[PDB]
Amino acid sequence: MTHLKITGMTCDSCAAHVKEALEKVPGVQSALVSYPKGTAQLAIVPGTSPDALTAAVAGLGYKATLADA
Ligand SMILES: [Hg+2]
């Protein structure tokens, strides 16, 4: 449900600082980002909009899309 795909740089750097920024957001338990896949598995509290986290990543200067497939 809440696993997004990263596009604005997927390598092992952005897929880590994004995790940091994500985990810095209250309501986030774990941001399971995978660089060799380009996937962000967000373990957030229900209620936190997926598009909001995606927007947070977008506002982080990177690009992601809420796409569970
Ligand atoms: Hg990268």
# chains A, B, ... in the order shown; residues from 1 in each chain; ligands from 1

call {"tool": "residues_near_ligand", "arguments": {"ligand": "ligand 1", "cutoff": "8 Å", "atoms": "only C-alpha atoms and all ligand atoms", "output": "list in words"}}
result
residues 8, 9, 10, 11, 12, 13, 14 and 15 of chain A

call {"tool": "write_last_selection", "arguments": {"atoms": "C-alpha atoms", "output": "short mmCIF file (atom, residue, chain, number, x, y, z; two decimals), in the first residue's frame"}}
result
data_model
loop_
_atom_site.label_atom_id
_atom_site.label_comp_id
_atom_site.auth_asym_id
_atom_site.auth_seq_id
_atom_site.Cartn_x
_atom_site.Cartn_y
_atom_site.Cartn_z
CA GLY A 8 15.02 11.32 -8.71
CA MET A 9 18.21 9.37 -7.98
CA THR A 10 17.95 5.85 -6.58
CA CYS A 11 21.60 5.12 -5.70
CA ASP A 12 22.90 4.56 -2.15
CA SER A 13 22.93 8.16 -0.94
CA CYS A 14 19.59 9.71 -1.77
CA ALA A 15 17.98 6.42 -0.75
#

call {"tool": "select_by_dssp", "arguments": {"residues": "chain A", "states": "strand (DSSP E)", "output": "list in words"}}
result
residues 3, 4, 5, 6, 28, 29, 30, 31, 32, 33, 34, 39, 40, 41, 42, 43, 44, 64 and 65 of chain A

call {"tool": "write_last_selection", "arguments": {"atoms": "N, CA, C and O atoms", "output": "PDB file, in the first residue's frame"}}
result
ATOM      1  N   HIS A   3       4.305   1.758  -0.408  1.00  0.00           N
ATOM      2  CA  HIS A   3       5.670   1.601  -0.863  1.00  0.00           C
ATOM      3  C   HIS A   3       5.831   2.332  -2.194  1.00  0.00           C
ATOM      4  O   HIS A   3       5.185   1.996  -3.187  1.00  0.00           O
ATOM      5  N   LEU A   4       6.649   3.368  -2.183  1.00  0.00           N
ATOM      6  CA  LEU A   4       6.779   4.248  -3.335  1.00  0.00           C
ATOM      7  C   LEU A   4       8.022   3.909  -4.139  1.00  0.00           C
ATOM      8  O   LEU A   4       8.904   3.184  -3.671  1.00  0.00           O
ATOM      9  N   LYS A   5       8.077   4.425  -5.353  1.00  0.00           N
ATOM     10  CA  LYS A   5       9.214   4.208  -6.226  1.00  0.00           C
ATOM     11  C   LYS A   5       9.999   5.503  -6.380  1.00  0.00           C
ATOM     12  O   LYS A   5       9.420   6.562  -6.633  1.00  0.00           O
ATOM     13  N   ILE A   6      11.308   5.424  -6.208  1.00  0.00           N
ATOM     14  CA  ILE A   6      12.157   6.595  -6.349  1.00  0.00           C
ATOM     15  C   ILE A   6      12.644   6.719  -7.788  1.00  0.00           C
ATOM     16  O   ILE A   6      12.946   5.719  -8.439  1.00  0.00           O
ATOM     17  N   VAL A  28       6.284   8.413  11.301  1.00  0.00           N
ATOM     18  CA  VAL A  28       7.080   7.441  10.580  1.00  0.00           C
ATOM     19  C   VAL A  28       7.791   6.520  11.564  1.00  0.00           C
ATOM     20  O   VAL A  28       8.448   6.989  12.494  1.00  0.00           O
ATOM     21  N   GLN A  29       7.637   5.216  11.382  1.00  0.00           N
ATOM     22  CA  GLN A  29       8.322   4.252  12.232  1.00  0.00           C
ATOM     23  C   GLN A  29       9.624   3.803  11.581  1.00  0.00           C
ATOM     24  O   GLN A  29      10.669   3.755  12.231  1.00  0.00           O
ATOM     25  N   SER A  30       9.556   3.486  10.294  1.00  0.00           N
ATOM     26  CA  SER A  30      10.733   3.045   9.552  1.00  0.00           C
ATOM     27  C   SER A  30      10.578   3.330   8.063  1.00  0.00           C
ATOM     28  O   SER A  30       9.526   3.071   7.478  1.00  0.00           O
ATOM     29  N   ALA A  31      11.621   3.875   7.459  1.00  0.00           N
ATOM     30  CA  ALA A  31      11.650   4.079   6.019  1.00  0.00           C
ATOM     31  C   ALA A  31      12.587   3.067   5.370  1.00  0.00           C
ATOM     32  O   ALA A  31      13.783   3.315   5.218  1.00  0.00           O
ATOM     33  N   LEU A  32      12.035   1.922   4.996  1.00  0.00           N
ATOM     34  CA  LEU A  32      12.823   0.835   4.434  1.00  0.00           C
ATOM     35  C   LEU A  32      13.100   1.073   2.953  1.00  0.00           C
ATOM     36  O   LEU A  32      12.441   0.501   2.077  1.00  0.00           O
ATOM     37  N   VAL A  33      14.067   1.933   2.685  1.00  0.00           N
ATOM     38  CA  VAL A  33      14.476   2.232   1.323  1.00  0.00           C
ATOM     39  C   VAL A  33      15.483   1.202   0.823  1.00  0.00           C
ATOM     40  O   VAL A  33      16.361   0.766   1.568  1.00  0.00           O
ATOM     41  N   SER A  34      15.338   0.801  -0.429  1.00  0.00           N
ATOM     42  CA  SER A  34      16.255  -0.143  -1.045  1.00  0.00           C
ATOM     43  C   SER A  34      16.849   0.452  -2.319  1.00  0.00           C
ATOM     44  O   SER A  34      16.155   0.605  -3.326  1.00  0.00           O
ATOM     45  N   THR A  39      13.165   1.265  -4.403  1.00  0.00           N
ATOM     46  CA  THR A  39      11.877   1.214  -3.741  1.00  0.00           C
ATOM     47  C   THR A  39      11.953   1.748  -2.316  1.00  0.00           C
ATOM     48  O   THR A  39      12.923   1.504  -1.596  1.00  0.00           O
ATOM     49  N   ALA A  40      10.932   2.489  -1.921  1.00  0.00           N
ATOM     50  CA  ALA A  40      10.846   3.020  -0.572  1.00  0.00           C
ATOM     51  C   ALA A  40       9.653   2.421   0.165  1.00  0.00           C
ATOM     52  O   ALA A  40       8.510   2.817  -0.063  1.00  0.00           O
ATOM     53  N   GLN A  41       9.921   1.457   1.034  1.00  0.00           N
ATOM     54  CA  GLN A  41       8.870   0.826   1.822  1.00  0.00           C
ATOM     55  C   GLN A  41       8.686   1.578   3.130  1.00  0.00           C
ATOM     56  O   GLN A  41       9.455   1.404   4.075  1.00  0.00           O
ATOM     57  N   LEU A  42       7.674   2.425   3.180  1.00  0.00           N
ATOM     58  CA  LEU A  42       7.472   3.288   4.328  1.00  0.00           C
ATOM     59  C   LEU A  42       6.544   2.650   5.350  1.00  0.00           C
ATOM     60  O   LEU A  42       5.386   2.353   5.059  1.00  0.00           O
ATOM     61  N   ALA A  43       7.067   2.443   6.546  1.00  0.00           N
ATOM     62  CA  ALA A  43       6.274   1.955   7.655  1.00  0.00           C
ATOM     63  C   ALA A  43       5.798   3.135   8.486  1.00  0.00           C
ATOM     64  O   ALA A  43       6.393   3.482   9.508  1.00  0.00           O
ATOM     65  N   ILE A  44       4.754   3.780   7.999  1.00  0.00           N
ATOM     66  CA  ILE A  44       4.191   4.952   8.655  1.00  0.00           C
ATOM     67  C   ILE A  44       2.936   4.588   9.438  1.00  0.00           C
ATOM     68  O   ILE A  44       2.372   3.508   9.260  1.00  0.00           O
ATOM     69  N   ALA A  64       9.902  11.031  -6.352  1.00  0.00           N
ATOM     70  CA  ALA A  64       9.341   9.728  -6.063  1.00  0.00           C
ATOM     71  C   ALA A  64       7.891   9.694  -6.511  1.00  0.00           C
ATOM     72  O   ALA A  64       7.304  10.737  -6.791  1.00  0.00           O
ATOM     73  N   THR A  65       7.326   8.506  -6.605  1.00  0.00           N
ATOM     74  CA  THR A  65       5.925   8.363  -6.959  1.00  0.00           C
ATOM     75  C   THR A  65       5.270   7.272  -6.128  1.00  0.00           C
ATOM     76  O   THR A  65       5.837   6.187  -5.955  1.00  0.00           O
TER      77      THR A  65
END

call {"tool": "closest_residue", "arguments": {"among": "A:68, A:25, A:7, A:38", "to": "residue 53 (chain A)", "atoms": "only C-alpha atoms"}}
result
A:25

call {"tool": "atom_distance", "arguments": {"atom1": "CA of residue 60 (chain A)", "atom2": "CA of residue 18 (chain A)"}}
result
7.3 Å

call {"tool": "select_by_dssp", "arguments": {"residues": "region 1-50 of chain A", "states": "alpha helix (DSSP H)", "output": "list in words"}}
result
residues 14, 15, 16, 17, 18, 19, 20, 21, 22, 23 and 50 of chain A

call {"tool": "closest_residue", "arguments": {"among": "A:61, A:1, A:19, A:27", "to": "residue 47 (chain A)", "atoms": "only C-alpha atoms"}}
result
A:27
